[PDB]
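*Asks:* My questions will all concern the structure given below.
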Amino acid sequence: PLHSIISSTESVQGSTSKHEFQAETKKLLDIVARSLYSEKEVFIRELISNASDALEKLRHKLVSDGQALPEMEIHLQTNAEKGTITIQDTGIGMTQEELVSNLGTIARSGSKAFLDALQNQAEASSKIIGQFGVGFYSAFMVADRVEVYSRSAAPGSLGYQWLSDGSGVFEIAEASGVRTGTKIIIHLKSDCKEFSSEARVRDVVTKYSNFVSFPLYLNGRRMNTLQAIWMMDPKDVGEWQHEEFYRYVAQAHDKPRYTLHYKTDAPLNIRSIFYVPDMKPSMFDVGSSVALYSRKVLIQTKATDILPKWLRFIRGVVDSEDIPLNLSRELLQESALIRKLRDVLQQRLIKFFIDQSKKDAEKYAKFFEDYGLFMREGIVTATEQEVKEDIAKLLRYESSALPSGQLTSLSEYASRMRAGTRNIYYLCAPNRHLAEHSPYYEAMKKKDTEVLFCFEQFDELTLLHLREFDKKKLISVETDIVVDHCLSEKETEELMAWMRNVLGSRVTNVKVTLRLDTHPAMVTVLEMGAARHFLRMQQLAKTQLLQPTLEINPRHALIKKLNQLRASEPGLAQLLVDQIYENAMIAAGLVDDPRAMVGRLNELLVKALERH
Amino acid sequence: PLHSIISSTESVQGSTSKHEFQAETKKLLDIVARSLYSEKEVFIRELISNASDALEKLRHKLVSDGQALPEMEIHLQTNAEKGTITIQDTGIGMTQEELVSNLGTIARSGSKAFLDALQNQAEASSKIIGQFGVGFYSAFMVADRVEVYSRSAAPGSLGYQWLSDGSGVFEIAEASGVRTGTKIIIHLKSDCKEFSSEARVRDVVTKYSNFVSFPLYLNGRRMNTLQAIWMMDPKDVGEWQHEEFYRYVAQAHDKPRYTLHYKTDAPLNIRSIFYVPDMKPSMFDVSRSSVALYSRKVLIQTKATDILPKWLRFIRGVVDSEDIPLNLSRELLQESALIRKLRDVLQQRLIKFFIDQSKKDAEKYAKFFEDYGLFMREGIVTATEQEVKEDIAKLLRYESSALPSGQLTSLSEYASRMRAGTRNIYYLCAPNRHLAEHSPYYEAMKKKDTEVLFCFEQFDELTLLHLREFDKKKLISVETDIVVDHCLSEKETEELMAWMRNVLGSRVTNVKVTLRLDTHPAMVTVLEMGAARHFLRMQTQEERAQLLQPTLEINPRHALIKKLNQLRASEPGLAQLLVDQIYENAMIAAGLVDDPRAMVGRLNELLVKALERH
Ligand SMILES: Nc1ncnc2c1ncn2[C@@H]1O[C@H](COP(=O)(O)OP(=O)(O)NP(=O)(O)O)[C@@H](O)[C@H]1O
Ligand SMILES: Nc1ncnc2c1ncn2[C@@H]1O[C@H](COP(=O)(O)OP(=O)(O)NP(=O)(O)O)[C@@H](O)[C@H]1O
Ligand SMILES: [K+]
Ligand SMILES: [K+]
Ligand SMILES: [Mg+2]
Ligand SMILES: [Mg+2]
């Protein structure tokens, strides 16, 4: 049954009254003080941002008036005796009306009003941080009573006072002896007395607001001691600062091997810089020091992964003034602009690596040898076909049709290949000597088609997952053999019948091949790539057999000896085939742990040499 | 640069005034509707929670006076052409005064006053969700006009109207014929018309508000059809209830091989359930903690806290509590102190439970250990505290030489029968039982009357070196202890020994003799065998052997070694091949070969000439 009661019988007949939305202050203050910020160390960051905004406002006003610029700086005082923290700046300052309209009203900020009266919003709107208006009340989260002493920068403004305990009541009075600017006095709570020490304050200042645009003083000394090189032009920063900055963000002692200075403004504002370490990636390498900034203050998201996961081996910093933020000044989760930011960064980073090989191929070879693991991971974990192909341009392989010791790409491979050819062949082997001596490649010697050699691990899996490059099918050499379209015939036929009976449980069928010269036998299976992966995966973990085919080579010297061995030592003949069968399995790559074949090997040896 | 402008010259001189804090409603509404919630689909959950709170208030009012209990229902309606969504409720209802006090004021909730004026906080304080007072204002985030009809259930209340354009100004009127309860009419935004589709709303409801304590309906039919079993006592839930509950949570139609119903209050109020799938794990299980946190019967959607450790990701269930502090965005305060202690308590509770399951049923635990054995091994290598290592080591089932084939034993029961004054435990690695028994290393320690453990699973040699201790006992591998511990004619032996230094000097640095072997012609002993095995696979014979120090020991009583003497001078060419085969065989037996594909060629040409005389 459809238990529905919705109707449209509601009737409106009276005269509608008009009211205005109200607001309750005590609950809002409690919410801000208790259940808004996860950490308790953000109030100093908010105060520093406010001081920077005030200093910027004063500088802009003086520039507009064209007067003499005085000294402007921010001072932090840490007094551990009374258990108090004090911050003082030299900004514009606020009069009684401004104090009442700003410090006494929730969700009200004068910075937005000032920006609305700029008529350009480009000269100073890129440096104002405050946008909500509830950042000051984070002081009550660690304080019980607050004192504010402010005097405006106007020639004739008097000092004032601002007393409040954070309980919905505040008072204002006129003061004397107050200098130009503002001075915030904070009385620390009982459980929050850790913030009255210099070490913790210095740590938080260095973590959050290290790159403030104005001098910052704590008990006399200055903490910034560094420039934000991601906001400066590339023509104004030297090569020496590019290394010192890298050693700071990466927390290392080496030099970077690459340096990208990206700066774009058309799709969205990006001011970023990236580095690649000289040293080889370690085990721990398998936010990745890509900390996100906004108006030169740390955001500390570390979870949204603004950079792709496979690109976790690079360091640097990213700045953007258009990213949306929570009320707690934290990054929004999976915003529309955030997804677009990740795509833009990935496209530029891949393009940068392509030009590096085009400029200096020798340097790129060393980079690919060390960091090549990360590129293979990206293709496997990708979900869009165009993403896989774009990343695949960075792969390097060496082919049989070229001298040993040089690497080729999948792009130029499609250029020198014949127009009649349409698919790409690849053979996997531990080395190149084994690859050319591999029995699978020996059958391909008849055709002149060019093949690529894959040596490193996961190359076979990476090629299988890609499955297509530039509309060209990727097919392995092993799969193309089963699909491909001395020992007279009479004496040959009975020899297989003696193997089918013995190896019936292992060798499902045996057929005579004519394309082998060196290896006595081969093992062929349809899904060779999957078999070489599934078998290695099962021994890798007990998670959620097959039918192999063996082909003998009549022209082989050992196979010729099998005719005269059965009629003389039938016992020795059985062990010999059990050794040839496992030898073929090892060459194919379907070999299990080889500890079990030692017993059959030593026993065969001690009986096969008792003739000398 | 010690120059500080900080001083204390400033002081108060004039009279002090007095002022009251104010607020800006428009900016507050903009913040709530634009920069508060990450995802735009939370308004349905908020309004459903409000309806549930109203129904709870009505239920308390109707049970307090001891009167009959009418029907409580939630009705969701959708209209594609109109682009409107309707959620009608039959709760207490609100008159003009409650409407203007609660709806018309930001951060004002009547539930908190109702909760505090309860005087008992026993039956209703645990089922009230709203505590902030800004939940209703999330409707403006998706709607261009909000229209609400409501009337109280009091004997004499009348219907009313409520309109708001989202511009900070609302309006109230009087209405007749309004059904008792609350009815919310929402007109959707132009770009937010995707919420007028039945499938998307069904997804939102089945994601956020599955376990509401009242029957809810969507377009006529019921969407709940399932009760929350973790709230009741374990005696009130049956096996068939568990199967359906495990089916929904884990999306698996099989039977849960394990079931735990944790209920603790001394550290903090916890009401959680757990499950273990019967099927075998796959990559989707291994690939990334599959447990959804709950609080007062509503989804919280943590997705980042990971309340359970990484190695315990193979279990499924839900976790509920009422003492978790969540911020204004209805999400947990990240890295909170109270959150950290929940992870450790839950981990150790499950550690004890798995120990218990072994006692009452060893066969069931043994089958369970084989299926998920990677997860316990994974936790040991990823743990930092030594105390936790012992808690996990009790869950490992190994096999020793004191029992026949196919009887697994634990470390604790292994260490209860070992020697008196020596703190040593012996473990050996082999793919099978036959290989372990015939391993040359085991044959070397057969002299002593000591017990040795045979572990057959992979990555187990790495676990025993990371654990490093078990109740103050040193873990020593069989291969390592051989080095630590301190026929053929002599003349023919030493000259035979001297040849290998001449022909294997590049690959062998020292050759010795062992008399304790009688079934293997070769043996390789290394100082740190366990470390070499795991470090070799992650990272041709010359540079490999340089970092392994492959000491070679040859049994002189083996028949193969004896025949090498009479083949020394008859054909030196074949002798160069057989000695290499012995060297290669020893490495294969020792398991220190990265890939045996290179040794096939040398072996293949040996057989073609070994029996050519036949
Ligand atoms: N040190 C200061 N000097 C001058 N004005 C200040 C100072 N600190 C705060 N204000 C004023 O306080 C008002 C709002 O304070 P605040 O709480 O910081 O909001 P906001 O910083 O503008 N926005 P946000 O910090 O992002 O929440 C504005 O009018 C500021 O000009
Ligand atoms: N449908 C409703 N029926 C009855 N009372 C309601 C209804 N919706 C809202 N109210 C009342 O109006 C108040 C304001 O709504 P709301 O913003 O959800 O507050 P809250 O839910 O208690 N706290 P929060 O968790 O932020 O939603 C509620 O606390 C209720 O007292
Ligand atoms: K303010
Ligand atoms: K409200
Ligand atoms: Mg600010
Ligand atoms: Mg609510």
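By Swiss-Prot numbering, chain A shows 70-355, 360-558, 573-631, 637-704, in order.
Method reported for this entry: electron microscopy, 3.5 Å.
Each residue, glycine too, has its Cβ placed from N, Cα and C.
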*Asks:* Out of A:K96, A:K332, A:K544, which one does Swiss-Prot list as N6-acetyllysine?
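*Replies:* In Swiss-Prot, A:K332 carries the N6-acetyllysine label; others show none in the record.
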*Asks:* Check Swiss-Prot for me: it has A:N119, A:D158, A:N171, A:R402 binding ATP, so pick out which one of A:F90, A:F205, A:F426 it puts in that same site.
*Replies:* A:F205
*Asks:* Based on the annotations in Swiss-Prot, which residue of A:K436, A:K466, A:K699 is described as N6-acetyllysine?
*Replies:* A:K466
*Asks:* Considering the residues A:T294, A:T494, A:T522, A:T535, which is the one that Swiss-Prot annotates as phosphothreonine?
*Replies:* A:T494
*Asks:* Quick check on the record annotations: which of A:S77, A:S194, A:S477 is tagged phosphoserine by Swiss-Prot?
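*Replies:* Matching A:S77, A:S194, A:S477 against Swiss-Prot annotations yields A:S194.
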*Asks:* Looking at A:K382, A:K424, A:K652, which is the one Swiss-Prot tags with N6-acetyllysine?
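*Replies:* So the answer, going by Swiss-Prot, is A:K424.
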*Asks:* Once the chains shown are all counted, how many other Cβ atoms turn up within 10 Å of the Cβ of A:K332 (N6-acetyllysine)?
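*Replies:* A count of 15.
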*Asks:* Using a 10 Å cut-off, grab the number of neighbouring Cβ atoms around the Cβ of A:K431 (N6-acetyllysine), all chains included.
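*Replies:* Around A:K431 (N6-acetyllysine), other Cβ atoms within 10 Å: 9.
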*Asks:* Out of A:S170, A:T174, A:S194, A:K424, A:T494, which of these modified residues is nearest A:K262 (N6-acetyllysine) by C-alpha distance?
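*Replies:* Closest by Cα: A:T174.
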*Asks:* By CA distance, which of the modified residues (A:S194, A:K324, A:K431) lies nearest to A:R402 (ATP binding site)?
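*Replies:* Smallest Cα separation from A:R402 (ATP binding site) among A:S194, A:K324, A:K431: A:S194.
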*Asks:* Just to verify a number: CA distance, A:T494 (phosphothreonine) to A:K466 (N6-acetyllysine), in angstrom, no decimals.
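*Replies:* Roughly 20 Å, rounded to the nearest whole number.
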*Asks:* Checking interface proximity: list the recorded positions among A:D158, A:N171, A:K262, A:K324, A:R402, A:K466 whose CB sits under 8 Å from a chain B CB, in sequence order.
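*Replies:* Going by the Cβ criterion (under 8 Å to chain B), the recorded positions yield none at all.
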*Asks:* Compare the C-alpha of A:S170 (phosphoserine) with the C-alpha of each of the binding-site residues A:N119, A:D158, A:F205, and give the closest one.
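*Replies:* Considering only the listed binding-site residues, the nearest one is A:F205.
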*Asks:* On a C-alpha basis, identify the one among A:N119, A:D158, A:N171, A:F205 that is nearest to A:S194 (phosphoserine); the candidates are the binding-site residues.
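*Replies:* Nearest candidate: A:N119.
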*Asks:* Would you pick out, from the recorded positions A:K262, A:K324, A:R402, A:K424, A:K466, the residue whose Cβ has the largest number of other Cβ atoms within 10 Å?
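*Replies:* That would be A:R402, with the highest Cβ count within 10 Å.
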*Asks:* Among the recorded positions listed here, A:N119, A:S170, A:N171, A:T174, A:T494, which has the most company in the form of other Cβ atoms within 10 Å of its Cβ?
*Replies:* A:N119
*Asks:* In Å, rounded, how far does the Cα of A:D158 (ATP binding site) sit from the Cα of A:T174 (phosphothreonine)?
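*Replies:* Cα-Cα distance, A:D158 (ATP binding site) to A:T174 (phosphothreonine): 22 Å.
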